[PDB]
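Shown next: target-v3.cif, given as mmCIF, C-alpha atoms.
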```cif
data_start
loop_
_atom_site.label_atom_id
_atom_site.label_comp_id
_atom_site.auth_asym_id
_atom_site.auth_seq_id
_atom_site.Cartn_x
_atom_site.Cartn_y
_atom_site.Cartn_z
CA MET A 1 62.83 -20.40 67.86
CA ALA A 2 62.33 -17.28 69.97
CA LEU A 3 63.50 -17.05 73.57
CA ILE A 4 60.84 -16.53 76.22
CA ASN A 5 61.21 -13.25 78.08
CA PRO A 6 60.68 -14.14 81.77
CA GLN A 7 60.31 -10.52 82.88
CA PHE A 8 57.68 -9.62 80.26
CA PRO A 9 55.99 -12.78 78.99
CA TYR A 10 52.84 -12.84 76.89
CA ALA A 11 49.97 -15.24 76.39
CA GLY A 12 48.39 -16.84 73.34
CA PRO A 13 46.26 -15.03 70.78
CA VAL A 14 42.96 -13.49 71.87
CA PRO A 15 39.88 -13.34 69.60
CA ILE A 16 39.73 -10.37 67.22
CA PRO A 17 37.08 -9.21 64.70
CA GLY A 18 36.64 -11.58 61.78
CA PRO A 19 36.13 -11.37 58.01
CA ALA A 20 32.47 -12.56 57.70
CA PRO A 21 33.06 -16.33 57.53
CA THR A 22 31.12 -17.25 54.37
CA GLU A 23 33.02 -14.65 52.35
CA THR A 24 36.23 -16.67 52.78
CA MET A 25 34.52 -19.79 51.37
CA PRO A 26 34.39 -20.09 47.56
CA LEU A 27 31.91 -21.70 45.20
CA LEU A 28 33.02 -24.83 43.33
CA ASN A 29 32.79 -23.35 39.81
CA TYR A 30 30.46 -25.60 37.81
CA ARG A 31 31.86 -26.72 34.39
CA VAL A 32 29.49 -27.20 31.44
CA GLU A 33 30.24 -29.56 28.54
CA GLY A 34 32.26 -28.31 25.60
CA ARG A 35 33.22 -29.13 22.05
CA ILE A 36 36.08 -28.45 19.67
CA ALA A 37 33.86 -26.85 17.06
CA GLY A 38 33.60 -27.52 13.35
CA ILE A 39 34.32 -30.38 10.98
CA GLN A 40 38.08 -30.62 10.52
CA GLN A 41 39.66 -30.87 7.09
CA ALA A 42 41.81 -33.91 6.43
CA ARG A 43 44.82 -32.22 4.84
CA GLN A 44 46.43 -28.79 4.59
CA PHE A 45 48.00 -26.98 1.63
CA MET A 46 51.36 -26.57 3.32
CA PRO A 47 53.76 -23.72 2.46
CA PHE A 48 56.82 -26.01 2.67
CA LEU A 49 57.45 -29.47 1.29
CA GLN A 50 57.54 -32.27 3.85
CA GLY A 51 60.33 -34.33 2.30
CA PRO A 52 64.12 -34.36 2.37
CA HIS A 53 66.40 -32.19 0.27
CA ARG A 54 69.93 -32.63 -1.03
CA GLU A 55 72.90 -30.53 0.04
CA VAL A 56 75.04 -31.04 -3.06
CA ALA A 57 74.23 -31.83 -6.68
CA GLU A 58 75.77 -34.91 -8.29
CA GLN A 59 76.50 -35.19 -12.00
CA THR A 60 74.41 -37.85 -13.73
CA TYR A 61 75.36 -39.67 -16.92
CA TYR A 62 73.77 -41.64 -19.72
CA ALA A 63 75.55 -44.04 -22.05
CA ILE A 64 75.92 -43.29 -25.76
CA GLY A 65 77.30 -45.30 -28.65
CA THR A 66 79.94 -44.34 -31.17
CA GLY A 67 79.11 -45.45 -34.70
CA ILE A 68 80.08 -47.96 -37.34
CA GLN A 69 83.85 -48.36 -37.21
CA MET A 70 85.48 -48.20 -40.63
CA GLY A 71 88.78 -49.36 -42.08
CA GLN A 72 91.76 -47.17 -42.84
CA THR A 73 94.49 -46.58 -45.39
CA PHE A 74 97.66 -46.90 -43.33
CA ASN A 75 101.03 -45.61 -44.43
CA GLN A 76 102.92 -48.82 -44.57
CA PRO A 77 106.57 -49.35 -43.55
CA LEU A 78 109.46 -50.36 -45.76
CA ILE A 79 110.82 -53.90 -46.02
CA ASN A 80 113.53 -54.88 -43.51
CA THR A 81 116.25 -55.71 -46.03
CA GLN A 82 118.92 -55.19 -43.33
CA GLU A 83 118.35 -51.40 -43.27
CA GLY A 84 116.30 -50.70 -40.15
CA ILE B 248 91.56 -48.20 -29.07
CA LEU B 249 90.01 -45.03 -27.66
CA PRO B 250 90.36 -42.93 -24.52
CA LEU B 251 86.74 -43.23 -23.41
CA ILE B 252 86.64 -40.55 -20.72
CA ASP B 253 88.58 -38.12 -22.93
CA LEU B 254 86.23 -38.39 -25.92
CA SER B 255 83.19 -38.09 -23.62
CA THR B 256 84.39 -34.91 -21.89
CA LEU B 257 83.56 -31.61 -23.59
CA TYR B 258 85.98 -28.67 -23.69
CA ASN B 259 83.55 -25.78 -24.00
CA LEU B 260 83.90 -22.05 -24.56
CA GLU B 261 80.55 -20.48 -23.62
CA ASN B 262 80.04 -16.75 -23.10
CA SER B 263 77.41 -14.59 -21.43
CA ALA B 264 76.37 -11.05 -20.51
CA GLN B 265 75.53 -9.95 -16.96
CA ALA B 266 73.85 -6.68 -16.03
CA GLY B 267 72.94 -4.80 -12.88
CA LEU B 268 76.04 -2.93 -11.74
CA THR B 269 75.94 -0.04 -9.26
CA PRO B 270 78.92 2.07 -8.13
CA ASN B 271 81.13 1.21 -5.13
CA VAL B 272 79.55 -2.16 -4.27
CA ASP B 273 80.46 -5.71 -5.19
CA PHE B 274 78.89 -7.18 -8.34
CA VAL B 275 79.29 -10.95 -8.10
CA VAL B 276 78.96 -13.25 -11.11
CA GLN B 277 78.36 -16.82 -9.97
CA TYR B 278 80.36 -19.62 -11.52
CA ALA B 279 78.02 -22.41 -12.49
CA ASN B 280 77.63 -25.81 -10.88
CA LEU B 281 79.45 -29.01 -11.96
CA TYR B 282 81.75 -27.32 -14.49
CA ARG B 283 85.56 -27.40 -14.32
CA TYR B 284 86.40 -23.78 -15.07
CA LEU B 285 89.78 -23.05 -16.63
CA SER B 286 89.71 -19.36 -17.53
CA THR B 287 87.43 -16.36 -17.10
CA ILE B 288 87.37 -13.27 -19.30
CA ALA B 289 85.41 -10.19 -18.22
CA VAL B 290 84.77 -7.24 -20.52
CA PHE B 291 83.54 -4.13 -18.72
CA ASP B 292 81.21 -2.62 -21.28
CA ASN B 293 80.54 0.68 -19.49
CA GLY B 294 77.85 2.01 -21.82
CA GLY B 295 79.72 2.05 -25.10
CA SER B 296 82.94 3.21 -23.43
CA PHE B 297 85.96 1.11 -22.48
#
```

This entry written out as structure tokens:
Amino acid sequence: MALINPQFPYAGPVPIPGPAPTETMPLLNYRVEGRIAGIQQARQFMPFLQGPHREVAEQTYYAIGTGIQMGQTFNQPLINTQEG
Amino acid sequence: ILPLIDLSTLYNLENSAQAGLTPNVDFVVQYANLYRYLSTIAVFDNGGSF
């Protein structure tokens, strides 16, 4: 967006020496076929386990029984003959 | 007629011995998991001297 100087104008570009025209043109680089080499193993001996863990520990229980329940020799009360 | 949770709970009195104390740093003894601790007693056996 330059302003044209009317007192000192200039013309378009003139030819100048050039950079040997084939040396600015590249070759198209020619890929050969390739292979991810080797026979891959199916599994890996991992350093960490792959499953979930638990944040807190919960107390577990198992039921037990008591035993054969016996009789008893109670201390027996007195007879309510109007004193009680 | 029995209190079933009371006769299934144990009131235990275990004891232990921890080693590995060095001067002027904290020596922490971890309380165990899933116990309901009621009292702690520490005896500082300092090499046959108290």

request  = Could you list the residues chosen by the PyMOL selection byres ((chain B) within 10 of (chain A)) in this structure as number ranges by chain?
outcome  = B: 255, 280-282

Filtering to C-alpha atoms, could you give me those residues as a compact mmCIF listing (two decimals), keeping the file's coordinate frame?
```
# COMPACT_ATOMS: atom_id res chain seq x y z
CA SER B 255 83.19 -38.09 -23.62
CA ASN B 280 77.63 -25.81 -10.88
CA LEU B 281 79.45 -29.01 -11.96
CA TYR B 282 81.75 -27.32 -14.49
```

Using all atoms listed in the file: which of A:69, A:6, A:81, A:15 has the shortest distance to residue 248 in chain B = A:69

List, as an mmCIF file with C-alpha atoms, in the frame of the given file, every residue that the PyMOL selection byres ((chain B and resi 283) around 12) selects in the file provided.
```cif
data_model
loop_
_atom_site.group_PDB
_atom_site.id
_atom_site.type_symbol
_atom_site.label_atom_id
_atom_site.label_comp_id
_atom_site.auth_asym_id
_atom_site.auth_seq_id
_atom_site.Cartn_x
_atom_site.Cartn_y
_atom_site.Cartn_z
ATOM 1 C CA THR B 256 84.390 -34.910 -21.890
ATOM 2 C CA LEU B 257 83.560 -31.610 -23.590
ATOM 3 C CA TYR B 258 85.980 -28.670 -23.690
ATOM 4 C CA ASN B 259 83.550 -25.780 -24.000
ATOM 5 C CA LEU B 260 83.900 -22.050 -24.560
ATOM 6 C CA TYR B 278 80.360 -19.620 -11.520
ATOM 7 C CA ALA B 279 78.020 -22.410 -12.490
ATOM 8 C CA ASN B 280 77.630 -25.810 -10.880
ATOM 9 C CA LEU B 281 79.450 -29.010 -11.960
ATOM 10 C CA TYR B 282 81.750 -27.320 -14.490
ATOM 11 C CA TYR B 284 86.400 -23.780 -15.070
ATOM 12 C CA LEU B 285 89.780 -23.050 -16.630
ATOM 13 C CA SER B 286 89.710 -19.360 -17.530
ATOM 14 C CA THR B 287 87.430 -16.360 -17.100
#
```

query = Quick one: distance from CA of residue 290 in chain B to CA of residue 270 in chain B in Å, one decimal?
reply =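 Computing the Euclidean distance for CA of residue 290 in chain B and CA of residue 270 in chain B yields 16.6 Å.
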
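The space separating CA of residue 249 in chain B from CA of residue 66 in chain A comes to 10.7 Å.
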
query = Between CA of residue 296 in chain B and CA of residue 264 in chain B, what is the spacing in Å?
reply = 16.0 Å

Once 4 Å is added on each side, what are the centre and the three edge lengths, in Å to one decimal, of the axis-aligned box enclosing the listed atoms of range 68-74 of chain A? Present them as JSON.
```
{"center_x": 88.9, "center_y": -48.0, "center_z": -41.3, "size_x": 25.6, "size_y": 10.8, "size_z": 16.2}
```
